Every structure is written in C-alpha cells, then in structure tokens.
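Down below is the structure, laid out as structure tokens.
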Amino acid sequence: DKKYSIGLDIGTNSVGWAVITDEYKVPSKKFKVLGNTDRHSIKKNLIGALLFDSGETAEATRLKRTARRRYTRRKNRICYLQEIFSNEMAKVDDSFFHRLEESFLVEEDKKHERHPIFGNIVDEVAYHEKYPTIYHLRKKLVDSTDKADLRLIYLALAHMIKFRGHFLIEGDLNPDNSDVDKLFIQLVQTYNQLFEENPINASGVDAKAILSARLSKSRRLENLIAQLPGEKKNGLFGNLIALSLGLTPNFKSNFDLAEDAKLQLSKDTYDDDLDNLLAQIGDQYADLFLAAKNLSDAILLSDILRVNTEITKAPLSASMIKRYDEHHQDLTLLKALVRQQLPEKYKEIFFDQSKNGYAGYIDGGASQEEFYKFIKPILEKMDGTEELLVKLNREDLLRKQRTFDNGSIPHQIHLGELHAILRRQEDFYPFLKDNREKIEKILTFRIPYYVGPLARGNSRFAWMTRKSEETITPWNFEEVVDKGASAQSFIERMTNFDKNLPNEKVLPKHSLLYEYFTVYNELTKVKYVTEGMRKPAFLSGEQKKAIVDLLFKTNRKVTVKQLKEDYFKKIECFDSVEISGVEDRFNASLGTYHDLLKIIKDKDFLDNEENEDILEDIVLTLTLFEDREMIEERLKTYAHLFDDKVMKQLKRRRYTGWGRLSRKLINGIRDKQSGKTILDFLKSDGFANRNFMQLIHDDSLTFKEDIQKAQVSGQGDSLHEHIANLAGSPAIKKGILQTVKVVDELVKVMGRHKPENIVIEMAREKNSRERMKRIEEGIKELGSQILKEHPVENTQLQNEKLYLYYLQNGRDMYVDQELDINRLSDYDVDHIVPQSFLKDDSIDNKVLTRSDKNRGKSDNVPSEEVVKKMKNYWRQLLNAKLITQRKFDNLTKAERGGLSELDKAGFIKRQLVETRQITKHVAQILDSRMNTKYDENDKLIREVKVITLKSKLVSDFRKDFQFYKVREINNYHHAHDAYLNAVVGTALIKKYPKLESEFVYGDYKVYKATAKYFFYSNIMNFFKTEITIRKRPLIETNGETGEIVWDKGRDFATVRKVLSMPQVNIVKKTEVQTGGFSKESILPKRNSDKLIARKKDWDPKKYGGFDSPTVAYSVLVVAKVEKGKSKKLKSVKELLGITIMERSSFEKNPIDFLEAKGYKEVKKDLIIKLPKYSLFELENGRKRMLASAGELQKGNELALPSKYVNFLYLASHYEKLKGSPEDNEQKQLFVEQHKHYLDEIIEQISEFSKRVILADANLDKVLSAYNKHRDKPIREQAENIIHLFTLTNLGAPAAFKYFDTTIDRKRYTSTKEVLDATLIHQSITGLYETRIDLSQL
RNA sequence: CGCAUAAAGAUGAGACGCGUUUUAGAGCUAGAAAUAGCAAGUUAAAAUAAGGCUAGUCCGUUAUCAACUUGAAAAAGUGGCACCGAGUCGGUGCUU
DNA sequence: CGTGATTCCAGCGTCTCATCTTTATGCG
DNA sequence: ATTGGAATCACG
Ligand SMILES: [K+]
Ligand SMILES: [K+]
Ligand SMILES: [Mg+2]
C-alpha cells in the first residue's frame, strides 16, 4: 500500500522507465526466477530501459509492392503481344516463343536450339551483323517497306511495349517538328500577324540554346525575356513562352477575361480549357496557341532526339543509331590514339574489367560517369583528343543506347514508332492490320491511379468495383471497371470519418449544408447593440434569416459596416450600431452559394429547399473527382435541370477540401422531443442563441447522448489499433506501444496498485542526395554559376558551413559581399532566432555570415537595416526555394514588428511546457488506461495524474546539479532520464499544483510579459540553494499547504545514489527478423553452397543467385546426424538459423524440415525458438545476445561510477562551456586536479573488457593507443575515451577511433558456446525472468 | 477559437529509367600446351524477392512478437513485503 | 589445416495523383 | 550508416 509514481522517457529506439516513491527513492524487489536452473530469486531495482530496433515505415514495402505489380503487368503486356502473334508465329516458327522463354537457360537445359531468334547459327550471326542494336531493327521496320520476318516485327514491337516510356505528357507529340528556332520564329510571326500595334521582334536571339538550355524552365523563361527587347514574362508572348516550356501561365490579365483560364500544355484538360478560353475571346488567337503547342513539342523533343526527322519517321531509333555510330567512330579513334601514344595503358583500358576503362565500362561495373572520370585524364594526356574531350564534357562520348537518361523519353515516341511499324507491315500481315488498335492499347494502357489494383476481393490495398464479372484485359477495362465508383472509393477510403459519429463520413468542406452551419454558428454569436437598447441582446431567428437572405446571399463577405448600413440602417433604421463577439470581417461566408449562383445564374434553384440534396451531390462530385470526364459522367444526371453551358461551367469548377462534420451530425440526428436538428436549432434557438458546442454540451438535449451512443459503438479499439491510428512516425509509435506495455507490467509488479503520477517525456526525434537535389533546383532557378565553379561531393555537402555557403549563393546574407570557398572554419554560423528564445539548430534557422555582428542586436530579430538591405536577395532565394517561408518571415520579422516581449515570454514558456500533440495523445492513452472509475455524476476519477515534461527541464536539472549525462558510457542514461523526469515532475506538482493545467493531463481551470518571463525563467529555481544573491530555505515548502516538495540536504543525495546504482534493467527487445529474404544483388555463378536459386529450376552453380539470407530466428535442435562412411548416428546440439524464406516451411512442419536438413530423430519438445537478441549468460556475468545462428553481440552494460561520468562530461567540455567564468574556472581546475581519473577510467574499461568483451587484440591496441597519447591535453584524451567506450558497449561490435588510431570490430562469429549457457527469457521490463540451462539438454 | 500559406512527415495508387544474373551475338592467328599477338565490345530474351492459393492485371519485405498455462485467434491468466547495504544486485528478518 | 584477422559489400534515380496529421507564420 | 554474410588471407 506504498504510494509510487512512474517516470518515462520515450524514444525511437528506447523506452526508459523508473518507479519512484514519495522520497524520490527507487524501490528494489526480490523477483522469482522460473526455469530449470537452481537460481530461484533475484534482487532488482525498479529502474530500467527497453531497447528495440527502430520501427520502420511502410514506404519501402510499398515501393517493393508497386515494383512487383509493375513486373507482373509488364510480363502481362508481353503475354498479350505473344497471344496476338501466336497463331501466325506457329506458322512462321512454332518454337520461337519457347526459345524466347528458355533463353535464360544453359545449353543442357534448353529444349530447343540455343539461338533464340532463328534457331540456327548462320541466321543468328547474319541478324546480329545486320542489326547491331534493336534500334537498328526498329529504324529499319519504321522506314523500310519490304515485308519483314514476323519474328523481327515481334521483337521490335516487344521492345517498344516492354520499355514504353513515361506517361507524363498528355495528348499527342508529333516528332515531325524538332526545330526550336524555326517554330519560335513562326510563333513570333503569328503574334505579329495578329498584333500590329506592339509586334514582337526577336531576330538575333539564339532560340535553340536559350529554350533548350540545361538550366531550369523558369530561368529559361527569364533568359528568353532578357534577350526579348520590350517584352514581359507576364505578357501575352511571355505567357505563350511559359506555356510552351511547361510553366503554367495565367491568361486572365492578358485579355482581362475575369476568369483565370490557366492553360498547362502537358495536362489533358488543356484542350477543354483552351476551348473555354476560345469562348472568352474568340478564334483569332487560336493560331498562336497552336504554334505554342508545336513550340512546346520541339522544346521537349529537341532534348532527347537531336536528329534529323525529315528523312526518318523513327527519330528516337535514329538517335540511338547515331549514338551507336558515334560510339563506334570514337572507339576506333580512341583505340588508335592509345596504341600510338600510350601503348602500355591499352590493356588497362580495353581488357581490364576491374578498371573503369572501356573494358570496365562495357563488361565491368563502371558506369558512364565512372568511365568518364577514368578516361578524362587519358584524353587530356594525349594528342588529337579535342573532339573526344568536347564530347565528354558534353556527356556524349561513347554513349550506350540503354542509359540512365532514357527516362525522359515519352511513350508517345515509342507509340509513334510502333504505329509506323504496324502501318508498314499491315498489308503483308492481315492480323497486324486487324489487331493494330489492340497492340497500340497494349503499349499505351495504364491503370488510372484512382482505380488501383485490379483485385477480386483478395487485396487489402484494392478498392475498385467491377461493372461486370469478367477478366480485365486492357481492351475491356473501360467496360469491366466502374471508374466512377472506383474513383469515389479511392477518395473516400482515405478521407476521414467525423469524430462525433465515427461511422458517418465527413462532408465536403465547401458543402452548402456545412457553409450554412458555420454561418449560422458565427451569426448566433453576433451581439449587436443599437440606440434604445437596455442590455446587449442576441439576434432572433427571423432576423438571422433576413440577414442571410440580404447580406450573405448577396455579398461574398459580410462586414460590420454592411450589417449596420444595409440591414440595421436600411430596415431596422438604426444609425448607431456597435457589434460584439465578432470582428469587422466575418470568418464564415457562403462562398459555395455565391459560386453556384454565378455558375447557374439562378436564385430560386439555390434557395429552394427540396432540391438542396442536388446541390449536396453537386459539391460532392466536384470535390471527389479531379478529371473532367468523370465529373461530366456524374453530373449528367443533373443535365436536365441546367443548361449545357451551365453543365460545362459546373464541370470546370472544382472544390478541393473536406470538412469534419458529417451530414447526419449537422442535420440527420433530431432531438427526441423538439424534433429539430442541430442546424434547425442554430437557425432558431430562441433567446439563448447557443452555438454548436452548447448544442452538443446540453444535458437536456438528447444530442449529447446520441453522440455518446455513436462513440461507444465499436468499443474504441485494441491498444495496438488505437496506437496505430495516431499521427506520428512508426518509430515513435513503436516507442509509445512499448511505453504502454512497460506501464502495464510495472503496475503488475507493484501488486496491481496504480501509480499516483505518471510523468512522461518524449525525445523530439539519403540526406546528401536531398541536399544535392535542393541546391541544384535552387541554383538552376536562380541562374547562378556557383556549382559549375566547384563540383562538390554529396558527402562534402554534409558540412553545415559548406551547405549554408552553397544555399546562400556563396554570399553573406546580411550584407552585400561574397564569402570565399577556402576560408572555412573562419565564418560564423548564426541563428535568426537566438538560441535563448528557441533552441533550433536546423538549416531553416541558421545563416552563414562573415561576422555575426552584421546582424545587428543579438537579443532580437536581426535589425531593420539588414532587412532593408537584403530583402530583395531573400525574396530571390525564397522564389528559388533556397530559403523557406518560415525563414523569410523570421528574417523580415523586424519590418512587421520584430519580437515583442510577449513573443519572448511565449518562447520561454514553450521551452518548458510540452505542446506537442503526440505527447498529448500518449498522455491521453495512459490516462484512459489508468483512470477508469467514474464518479456517480459520471465524471472521471483522476486516480492517476499524467504529467508531461519537456526535455529541457530534466536536461537543465542534470546540468545545474552535476547530474551529467554521457550517452556513450552505457544505456543506463535512458533509465536515468525517466527517473529524473518523475523526480522533477512530481516535485513540480508538489510545489505548484496551480501549474497542473500546464503539466498534468486534464482540463484544469487553473490559469505582465516580464512577470511570466521571470516566472518561467525561475520556475525550477526552488531546487537550487543560491539564486542569482538569494538563499531560499534548505527545505522547500508546498506553498499554502505543508509538504516537503524538496529537501536539499538529503534529496540530492538520493538522486545521486539512484544514478549510481549498478543494476539497471536494460532489455533488448528480442524480435523475429522480417523483411527481404536476402541481399537483393544477383551474384554470378560460382561453386558455393551459399548461393540461393532465383527459381526452383535455376541451379545456382550454373545461373548464379542470391546469398546472404537473413535469419528470422535460430532454432536450438537436439538431434542425431550421420557421421562417417557408415553414417553412424552422432548426437548433436546445434543452432540452425531458420531463414526468412524458410520460416513458413519450418513452422508448417518442423520435424520434416529438420529431417530434410539432415538432423534425425529430433525432439519436438526440445526444439527452442531463439529470435534475434536472445540473451545468454555464460560465466562471470558475460552476456551474449544472439545476432544470428552464427554471430553474437555484446550483451553487458558498463556501470561506470558517477564520478568518472561527471569528470568525462566536464573534461570533454560537453557542448563547449555554458557556465559562468567563475564556475567554468572551478570546473576546469577540478579537471586539472583530476587528470589521474583518465588512467582509472581506462582501467575500468580494461577490466570490463577482460571479463565480458574478451577482445584481447583490440584491448591491447586500445591500451597502446592510450599510452601513445598520454601527453595530449586532458580535453582531447577525454573526448577520445568517450570514443573508446564503443569497445565495451552493448550490442553489435563497432569500430572506433582513439585519436589517429582506429580499432576495428572484434566480432563473435561463433554460437557454439551459447549451446551450453543459460538462456534468459526476459519480460518487457526485464524484472520477470525465466532461465533455461541449455547444458542440461 | 476560425480562415489563408508554407514546410515536414505518414499512407495509398499509377508509371518510367537503369542495375544485376544466364543465354544468344561461331572470335582469329601463332601455337603441343602455358599462353602471346590482334580483333571485337554499344544489343537482346528472361528473372527481378523462392513462391502461394484465393487463380486476381491478386498477394509475398510495414505493423505485431520473453517464458509457461488455457486457447482458432484476439488474447487472458502466472511471480509477498520490509530493512540493511551495492560492481550488474547481495544479505537479514517477517511471511508463504 | 583449422582458425582468428581482415577485407569487402550490401539495388537505385525519377515522375504523376490522392488523403491525413502536425508545426510554423500570418491574419482575425 | 550499420552490421551480419561471405570469402580470403595469414599463420601457428
Ligand atoms: K521485425
Ligand atoms: K523479451
Ligand atoms: Mg513474379
């Protein structure tokens, strides 16, 4: 019956827990030990931590799943093509497709001739001589007119269909037009022929280079406008240019059309949009648009083709043949030049696959860039290589046809080549003539993103509904698949249900019912005052309806002045109006009402009550579907009500956005007695004018009970389901679930007595590629040449100062100057918001400057003068996305007011008050689980108070009272943080019950700038003996009550004693490994049993395969095996290591599995399943965690005494020095007086390593390295001993560096010993254990 | 408390481009062979987690997971306390 | 000739679309 | 980045 509290520290890979009592002491208990060993009891402290691998997101699984679907559907494309061809192919060659299928198999496994295409050596050689690449064949079939072998036609069509290109361009691309300059001049011609007053003159402008520039589209537009004399990017010609290049231009202001009429060429809606714009102005400008379309084509077609198109209808295949021919010519030239000038390197270039020369480029793993890096010095160190070098710097030297950059080829080009082949060969082959659209559809068919997987009820990811029960081929897809239903289910399966009625789906945000609801909700709060009024009074239902009919239904926004004049003055005849409860501009407005009024031009239809469900369906359809065709399909039912043009205008309108209130919630549920819905009450409440909340918070009204009935239905969810529904990372969700489980186990351990308080705190927690892409886009948009000055590696951009330099165009952000790339370690990285106000260290808040003093004052936002200097530069960076909206607002906050003392107070408070929503959700879960009893009046009984702390409170407590944390010693700090949290948190609610509303979970009613500033600055000052000097009492009092919240004479002793306890329950969560079967790399054939066949029949020794399988869990099996020629049965105990691929086969029948592996007469009761991280104790406390069936991890924690931890913190100058010069001097002197600690610390590590780690060579290496550097400053030795602690850590062995020396991993690559050790099964807290003596088996 | 914007993250769908693996693309000459010299090289088929049954243009890498007992499962149930101490927890007393 | 030390190695780039939450910053 | 799988190397 002893009161206690729980403190928790939740992280992504750790959950620290601690149980404390009223005196801040951690209890200890004797726990029963189950199993077959002699040990029966163990004393353990109720402080510990759970360690687990981070929870992964589903994104990688999603990408693998989508890739699997794409491979299945590509094989289906080829299958459809072969089905079309099969009847005629069986005549031409019956075994052709069989050879294609078996082409992977080796000679002895092939059932037909080893040559796939023609089945004889002569014809195969002749084919490969005539068409060196498939593109030769494609060009021949597109251009030639004599009948081709059916096998060749199939091969070309299959190549086009299999690798078809992207669908990022909608409509048609005609490759007949490729000249940029000619089409640009034609556009200018049409513009001048239609516009004579201000003609466009652009002669003498390199249209080809500017428009096809490698820079960004926006910068290309800027460059073209720059060379356009007397033109504007927002002008009509500028809009045409933006449309052509790809940027979406607004054509409203060009013609003053009063509608946006945005025209994006790539989008399919453009056509319809274009027609709309033709209705806005006329057909005279249509020619310009036509030219713009053609111009756009050339812009995107000159990028990939770069070949003449008047002589061929296969510009892509001809471009690839040009690649082939230039590669051949350059290869011959390079061979000759190398054999003439550097004859010794030829073998390196053209024979050595390991090297990145031509042989490595073709036969080895060298990419194009690696080959260019290898060959550029050789080209430079030779004569006659000017053309080769020019090609190389243009990235056009010795190219391959199948390259990384073929991702810019639209499927329209492949479709054009396929269509040309079909037209050429259709007369010779009738089935090609009558299956032409079939094959074109095979190439171009693509399941819409809103239909998803074409499942038949066996997929958890599928939502499509089928009109008819038939197989969905690409040809009957539009007939078998219900696309409207599929798209609606696509949107609605991801959208929310309203919380009040969890089975009901939310309304569209722009629903007329929702707008009416919000308008009435705000209007019921309108408190008008006019002359002759004794007291302020609310408006009545009739007045509200009159105002809605007058103000809202005729004005988009309704203000106070319009309310006073057009209603109170015009009708009420009251010239003195003062409003209360609202602002000048009403937030709620009938935007949907006015938009529908403009679209349909009818008022009776809108105001009619009985047809409003039609409007609800209208807005729902306009919200659900973005495609004009589907909107048309759904609205066709309402075509009779409106006109055809009105139907088109409706089709154009789209209402993005959903709400949070369902239809039933607003106007579906009715009160038992009144029979009025919530909307009805909002319309006519009476004198009360209650809002929606008061309407659902009234006990007399049945709405509260109806909501409760809806909420109870479904009984919430299981803990795992409720946690998964949270908005957070899967890693933090794993942390939260483990936190709840440890709390349940701790409550069990404490005799089912629930804690008095649960104080919880959560941590706030490739990249180089993201930085590279961001800087590339920013520089391209800006138009700078900085990146061309210096090619920076991705890992080199990981430097903070370098990244800031590159993001700022190399220029100081506060003044107008330039920084030097080589003057690093000299400039200053400053924070836009000072670290005192906000502890933010991300790039979004950091600025690189030559000297920080240029910012102005260091106690506020940077000065107004700096803003006036660099606002244009900041805006240019923001438009290039080198700085964000947040960064720009922070930088320019001075001109908008700067930082008032109120903002400083708020930032000070938020450094201690945890406002994160995820922490509130965790607190709610814990409170709901702990507090369940209800009052007689149906009110929660807060038996357990859930407090939420921030990491700053505990961190500052650690720093102030020398409770220093070094994260490298061991994992105990996790546990320690949890303890400290409770120790702080409970203390706070002892000292400040009035502050519960900021810390304890629950809506407590307990609630100038300098006052709050100093209050929260010194809110934790009751712990320290001497303030500022002020000497608060030794024993702090509760305040207005008599309790000992803190006893400075003995409570600090208790905290220091707790942090020095050697036994802390650190548990690594044992997990069965799931995921990929093995390494994905397909290795070449070799005679090794570690190769895994990629198919049943693909024997690895002849076809290669996978290796490195991941072990799901090991299996301790005691059985017999055959030994010797006589195959005598030897008894063996062994770890098998069931891999992920073998797991299902093993669990289906373990005995059959083990007999297949070779073990005989296994004991199914003696088989032990051992997941990863299974704990074993061997001797002297040496603990090994099973990492796999053949590898062990360290499983021991080093309990370094607290004095060494504090000395290493001070000596390392953790986070530099943040103390007063007097205290810093005292601590530095303490370090100097305590140099000998270093030796002692080393001894600690050494003795620990001699008992547990057992890495003899690494320990000797470490000792020698330490002896080498004994003359270094104490600080550097301290930092490097912090590094040294990696030798003794728990978990996987790692490599560490002591100064210069690097000590590599000593790995325990043998699990033989653990077969005769003590396996330990630990509960989540580790308090409950079962020890199995495996040597007894 | 309500709107607008931006960023980040989560989830799902539809698609591209490569990469890899085996086979095909008769390598030739001098050679007894070792090999040497020369020539050639750019392409394609197929697989792209083994595979499964539910046979779909589906599904197969997320989440969840100590032990023991009751179980389809979800899951439920199983382990005295106090005190003195502390090198990973030990001991003493009370109790059962 | 086993066995500990050592070395090496690991699928990756892009685009379109939708929904949700959370945080930051204005406005109100 | 990490950390287990695999091959290879050095050597008593
Ligand atoms: K797992
Ligand atoms: K466990
Ligand atoms: Mg497959």
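Each chain gets a letter, A, B and so on, in the order the sequences are listed, and its residues count up from 1.
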Regarding [X], tell me which of base, sugar-phosphate or nothing describes its non-hydrogen contacts under 4.0 Å with the strands shown.
X: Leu100(A); result: sugar-phosphate
X: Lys1095(A); result: sugar-phosphate
X: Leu105(A); result: sugar-phosphate
X: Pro1171(A); result: nothing
X: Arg769(A); result: sugar-phosphate
X: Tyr972(A); result: base
X: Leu726(A); result: nothing
X: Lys766(A); result: nothing
X: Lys335(A); result: base

> So what does the secondary structure string of DNA chain D come out as, 5' to 3', with Watson-Crick or wobble pairs under 3.5 angstrom, [ ] for crossing and | for pairs with another strand?
Replying inline: ..||||||||||
Check if the side chain of [X] and the base of [N] share a donor-acceptor pair of N or O atoms closer than 3.5 Å.
X: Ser103(A); N: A45(B); value: yes
X: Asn458(A); N: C59(B); value: no
X: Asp889(A); N: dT25(C); value: no

> Which nucleotides of nucleotides 9-19 of chain B have their base under 4.0 Å from a protein heavy atom (B), which only their sugar-phosphate (S), and which neither (-), written as one string 5' to 3'?
Replying inline: -SSBBBBBSBB
> What's the OH-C1' distance between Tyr1328(A) and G77(B), to the nearest Å?
Replying inline: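 Result: 13 Å.
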>> Can you confirm whether the side chains of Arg323(A) and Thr133(A) place a donor and an acceptor under 3.5 Å from each other?
In response: no
> Do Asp844(A) and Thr884(A) get their side chains close enough for a donor-acceptor pair, meaning under 3.5 Å?
Replying inline: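 There is such a pair (donor and acceptor under 3.5 Å, judged by atom type) between the side chains of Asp844(A) and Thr884(A).
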> How would you give the extent of chain A contacts on DNA chain D, as first and last nucleotide 5' to 3' within a 4.0 Å heavy-atom cut-off?
Replying inline: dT3(D) to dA7(D)
